[PDB]
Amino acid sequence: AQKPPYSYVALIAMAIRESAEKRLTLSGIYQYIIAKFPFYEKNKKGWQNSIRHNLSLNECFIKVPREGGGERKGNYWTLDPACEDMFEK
């Protein structure tokens, strides 16, 4: 019972390293973040767009190809082989 004002930044690449295959999608993001804590909600476009723009400022992300496991838009999103050893932690 307290205020979580800190978890808007590192919730993006988290689902990469918390997982085992390191390429979970927005579906896995949603279901796992929901399964984690009992207050946050996906029924708000505000917080959704907030977490959406949290990915553009820092210049370390990149787009990586994927086949028809859900690809109609195009490639998935992950990190760069350079800013690697700073996101496992």
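One-based numbering along the sequence shown.
Of 67 to 75 and 5 to 13, the one with larger mean CA B-factor: Mean CA B-factor is higher for 67 to 75.
Cα B factor band for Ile29 (lowest, middle or highest third within the chain): For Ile29, whose C-alpha B-factor we compare with every modelled residue in the chain, the answer is the highest third.
Third of the chain's Cα B-factor distribution that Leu55 belongs to, per the entry: Top third by C-alpha B-factor.
Modelled-residue ranking by C-alpha temperature factor, third containing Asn43: Lowest third - that is where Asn43 ends up once the chain's C-alpha B-factors are sorted.
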